[PDB]
J.: 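Below is the structure I would like to discuss, written out as structure tokens.
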Amino acid sequence: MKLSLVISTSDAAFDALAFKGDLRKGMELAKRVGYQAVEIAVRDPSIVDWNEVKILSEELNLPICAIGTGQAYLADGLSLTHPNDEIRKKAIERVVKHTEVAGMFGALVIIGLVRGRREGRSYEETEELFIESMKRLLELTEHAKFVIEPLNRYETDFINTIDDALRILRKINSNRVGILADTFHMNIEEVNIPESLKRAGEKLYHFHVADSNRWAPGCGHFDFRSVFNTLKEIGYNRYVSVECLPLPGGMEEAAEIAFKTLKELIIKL
Amino acid sequence: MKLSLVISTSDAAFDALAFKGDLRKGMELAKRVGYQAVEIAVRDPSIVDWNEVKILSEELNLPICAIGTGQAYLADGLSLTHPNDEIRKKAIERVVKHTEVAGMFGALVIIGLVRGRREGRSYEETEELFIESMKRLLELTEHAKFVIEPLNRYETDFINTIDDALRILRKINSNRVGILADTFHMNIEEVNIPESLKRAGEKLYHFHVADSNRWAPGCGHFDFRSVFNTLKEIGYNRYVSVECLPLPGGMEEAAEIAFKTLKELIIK
Ligand SMILES: [Co+2]
Ligand SMILES: [Co+2]
């Protein structure tokens with residue numbers, strides 16, 4: 001298992017200097033604390049100079065392990081299940097641009113809020129539309145790997161549990177799509193988290209950690225011990241990525257506390 | 001990767017019933033033999049009915065993966081690099097109509113002979129005109145995807161190799177334009193076909209196969225083994241479309257032989 005840090009970055013459209021500054025500050029923090037990779041989130045990759053990002057990654061010996069896409073939904077309204085097929089097509093085209101960046105870094109592409117919500121429709125129709133969009137994404141890409149993140153009920157009514165996502169993976173039937181499980185979301189939505197992770201098994205491709213209050217792991221009441229016992233049991237050997245609020249004490253303090261909590265869980269494995 | 005068959009069809013403006021007959025028999029053949037899709041070529045899409053084509057595709061469970069445009073040049077003289085701006089405009093407008101049809105099927109639009117020739121001009125002037133026409137097509141269409149097919153020296157003096165297409169793709173700077181490589185044309189124009197395909201990489205969007213004599217794959221001396229090894233190595237998961245003369249033995253026998261040859265190289 002490896003440790004990664006999710007870094008917040010300003011959008012670059014807008015403010016190129018702020019994006020670059022945020023990115024460097026976050027990557028230097030991750031490296032100093034001891035993280036082995038970083039994870040980022042960008043709304044539209046077409047407005048970023050990825051050649052400079054690559055140089056930064058090389059300078060710091062810090063890979064980018066995953067790229068989040070949710071701002072494409074929250075800011076730009078793009079959804080892979082949008083009832084308007086024109087917007088569905090634009091969402092697919094946006095995510096293809098994320099996969100072009102991911103290919104430079106060997107990064108996973110996260111399918112979170114960009115999948116969209118039920119919007120008054122049956123779960124069945126929403127799921128069918130989503131599977132069609134994902135199959136299109138697989139037809140459009142040769143190397144990209146995607147991970148579906150179940151999110152809690154307040155963020156979406158479409159794919160709330162690991163089981164929801166596993167059903168969809170069976171229909172998509174591609175090893176280029178897996179699951180991203182997130183402890184903050186699972187703390188609400190999963191009955192028994194160790195059992196849920198066992199059901200995921202080999203399909204667990206990426207992992208987000210934050211405590212019950214979404215603070216740094218260690219600063220709420222989430223049982224990480226049972227989770228890491230299970231991760232060892234299912235042979236999970238990919239990234240554990242810290243995706244938490246900058247609490248307590250700011251982004252640097254949170255990243256350090258999280259690292260210490262997780263390192264102790266992992267070394268006693 | 002997936003196998004498709006190019007099927008020849010009569011011009012609908014001349015014989016509407018013949019086009020349907022041809023399309024149906026071609027699609028029935030493709031399904032019978034085991035192809036996963038068909039590819040077609042039409043001079044002028046505006047005078048065909050495509051809703052009936054779609055239900056035919058639906059009832060045979062047979063997608064249309066690509067639409068050829070070359071007859072717009074050969075029959076109607078339309079070229080995306082025509083020196084006459086009025087004719088160049090009409091060529092652009094014709095190809096926009098092809099993209100509307102392609103959109104119904106999620107198909108690629110092929111830019112082959114419709115790009116036109118140098119006609120006495122520098123390569124550079126011809127190229128810049130082409131890039132302008134392609135950028136105009138990208139502005140006039142929102143989701144259409146185009147593939148440029150390098151053709152051999154006897155068919156054109158403009159874009160003969162994969163490397164020349166790649167250079168032009170960089171100048172257009174859109175993922176909505178890629179390359180269609182054709183083994184018959186590459187057999188003449190490419191130094192080393194596996195190396196050319198690796199350079200194309202992810203920009204190889206579509207693939208035409210025919211043997212060295214343009215007969216069914218298996219009936220000449222083209223090395224398909226090294227090609228398919230390379231396609232596997234680069235992770236090609238798009239279409240391989242049989243575009244060959246109806247030889248040996250006619251359209252159906254050629255389609256059968258091609259499928260048998262290619263399926264085996266795809267099997268392993
Ligand atoms: Co998460
Ligand atoms: Co061809």
Side-chain angles (χ1 to χ4, degrees), chain A residues 1-12 15-45 47-72 95 97-112 114 144-147 149 178 180-184 204-211 214-218 236-247 249-263 265-266:
Chain A
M1 258 179 272
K2 296 160 284 295
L3 288 173
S4 159
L5 179 65
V6 177
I7 296 156
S8 304
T9 54
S10 302
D11 192 82
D15 203 342
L17 282 168
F19 167 83
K20 297 183 182 188
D22 291 348
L23 185 66
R24 176 175 278 281
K25 172 159 157 52
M27 293 182 66
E28 288 176 346
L29 165 67
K31 194 192 191 335
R32 179 188 330 120
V33 171
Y35 291 92
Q36 293 157 301
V38 297
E39 167 175 344
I40 62 174
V42 294
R43 176 188 56 84
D44 182 354
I47 66 190
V48 170
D49 184 349
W50 294 103
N51 293 328
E52 156 55 356
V53 174
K54 185 189 187 226
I55 292 174
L56 182 60
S57 176
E58 291 166 344
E59 288 176 351
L60 299 178
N61 187 25
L62 205 57
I64 297 175
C65 65
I67 301 170
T69 62
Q71 296 164 40
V95 174
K97 295 188 182 308
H98 288 102
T99 72
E100 295 167 345
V101 178
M104 298 176 56
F105 296 97
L108 300 168
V109 174
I110 303 169
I111 303 301
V114 75
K145 293 188 207 175
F146 303 90
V147 292
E149 186 174 6
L180 192 180
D182 176 306
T183 55
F184 171 80
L204 187 63
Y205 284 8
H206 195 61
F207 201 69
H208 276 173
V209 289
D211 221 306
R214 222 166 186 185
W215 296 10
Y236 186 75
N237 62 1
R238 306 213 176 268
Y239 287 98
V240 172
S241 195
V242 173
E243 183 193 51
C244 67
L245 296 170
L247 295 169
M251 149 196 180
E252 299 92 338
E253 182 174 322
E256 183 173 60
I257 295 168
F259 186 88
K260 288 178 186 177
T261 299
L262 298 164
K263 188 72 186 176
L265 287 153
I266 297 173

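Note: hydrogens, waters and symmetry copies are ignored here, and every other heavy atom, side chains too, is used. Lettering of chains follows the sequences in order, A, B, ..., and the numbering in each one begins at 1.
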J.: Using the side-chain contact (heavy atoms from CB on, under 4.5 Å) rule, take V101(A) and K97(A) through it: C-alpha gap first, then chi angles, then the decisive distance, then the call.
T.: CA-CA 7 Å; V101(A) 178; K97(A) 295 188 182 308; over 6 Å; no
J.: Please give me the minimum heavy-atom distance between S8(A) and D22(A), naming the atom from each residue.
T.: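 Heavy-atom minimum between the residues: O-CB, 3.8 Å.
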J.: Starting from the C-alpha separation in whole Å, work towards a yes-or-no answer on side-chain contact (heavy atoms from CB on, under 4.5 Å) for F19(A) and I47(A).
T.: CA-CA 11 Å; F19(A) 167 83; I47(A) 66 190; over 6 Å; no
J.: Quick one: are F259(A) and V242(A) in side-chain contact, heavy atoms under 4.5 Å?
T.: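 No, every pair of side-chain atoms sits at 4.5 Å or beyond.
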J.: Is there a donor-acceptor pair under 3.5 Å between the side chain of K2(A) and the backbone N or O of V240(A)?
T.: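 No, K2(A) side chain to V240(A) backbone: no donor-acceptor pair under 3.5 Å.
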J.: Any idea which heavy atoms bring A66(A) and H206(A) closest together, and the distance?
T.: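 Taking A66(A) first and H206(A) second, the nearest heavy atoms are CB-NE2, 3.7 Å.
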J.: How far apart are the closest heavy atoms of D211(A) and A216(A), and which atoms are they?
T.: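 For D211(A) versus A216(A), the nearest heavy atoms are CB-O, 3.8 Å.
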J.: Counting only heavy atoms not in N61(A) (residues, nucleotides, ligands), do more than 12 fall under 6.0 Å from its CG?
T.: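 Check fails, neighbour count at 12 or below.
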J.: Rounded to the nearest 0.5 Å, what separates atom NZ in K31(A) from atom CG in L62(A)?
T.: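 Interatomic distance, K31(A) NZ to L62(A) CG, rounded to 0.5 Å: 7.5 Å.
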J.: Can a donor-acceptor pair be found, under 3.5 Å and without considering hydrogens, that links the side chain of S241(A) to the backbone of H208(A)?
T.: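 No, the answer is negative, given that no donor and acceptor are paired below the 3.5 Å cut-off.
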J.: Rounded to the nearest 0.5 Å, what separates atom OG in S4(A) from atom CG in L262(A)?
T.: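 Those atoms lie 11.0 Å apart.
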J.: How long is the gap from CG on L180(A) to CZ on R238(A), to the nearest 0.5 Å?
T.: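 With rounding to 0.5 Å, CG (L180(A)) is 13.0 Å from CZ (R238(A)).
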J.: Do the side chain of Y205(A) and the main chain of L108(A) share a donor and acceptor less than 3.5 angstrom apart?
T.: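 Answer holds: no.
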J.: Can you tell me if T261(A) uses its side chain to pair, donor with acceptor, with the backbone of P217(A) under 3.5 Å?
T.: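 Yes: the side chain of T261(A) pairs with the backbone of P217(A).
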J.: Check for a donor-acceptor pair, side chain of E39(A) on one end and backbone N or O of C65(A) on the other, with a separation under 3.5 Å.
T.: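 No.
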J.: CD of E243(A) to CD of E149(A): how many Å apart, nearest 0.5 Å?
T.: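 It comes to 5.5 Å.
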J.: Mind checking the OG1-CZ spacing from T9(A) to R43(A)? Nearest 0.5 Å is all I need.
T.: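 Result: 11.0 Å between the selected atoms.
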J.: Is the closest basic N to carboxylate O distance between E28(A) and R32(A) below 4.0 Å?
T.: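 Judged by the 4.0 Å cut-off on N to carboxylate O distance, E28(A) and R32(A) do not form a salt bridge.
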J.: Between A258(A) and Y35(A), which heavy-atom pair has the shortest distance, and what is it?
T.: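 It is CB-OH, 3.7 Å.
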J.: Would you say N51(A) and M104(A) make side-chain contact, with heavy atoms under 4.5 Å?
T.: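 Of all side-chain heavy-atom pairs linking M104(A) with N51(A), at least one is under 4.5 Å.
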J.: Go through the steps to decide whether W50(A) and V42(A) satisfy the test side-chain contact (heavy atoms from CB on, under 4.5 Å), and finish with yes or no.
T.: CA-CA 12 Å; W50(A) 294 103; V42(A) 294; 4.0 Å; yes
J.: Could you tell me which non-hydrogen atom of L5(A) sits nearest to which non-hydrogen atom of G26(A), and how far apart they are?
T.: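 Scanning both residues, the minimum pair turns out to be CD2-O, 4.5 Å.
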J.: So that I can tick it off, tell me whether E52(A) and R24(A) are bridged by a salt bridge, with the cut-off set at under 4.0 angstrom between side-chain N and carboxylate O.
T.: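 Salt bridge flag = no for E52(A) with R24(A).
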J.: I111(A) vs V95(A), test: side-chain contact (heavy atoms from CB on, under 4.5 Å). Steps then yes/no.
T.: CA-CA 9 Å; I111(A) 303 301; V95(A) 174; 4.2 Å; yes
J.: Atom CD1 of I64(A) and atom CG of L56(A): how far apart are they, to the nearest 0.5 Å?
T.: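 These two atoms lie 8.0 Å from each other.
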J.: Taking all non-hydrogen atoms of both residues into account, name the closest pair between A37(A) and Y239(A) and its distance.
T.: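 So the minimum-distance heavy-atom pair works out to CB-CE2, 3.5 Å.
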J.: Testing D44(A), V114(A), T99(A) for side-chain contact (heavy atoms from CB on, under 4.5 Å) with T69(A), which one passes?
T.: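 That would be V114(A); it is the only one of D44(A), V114(A), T99(A) passing the side-chain contact (heavy atoms from CB on, under 4.5 Å) with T69(A).
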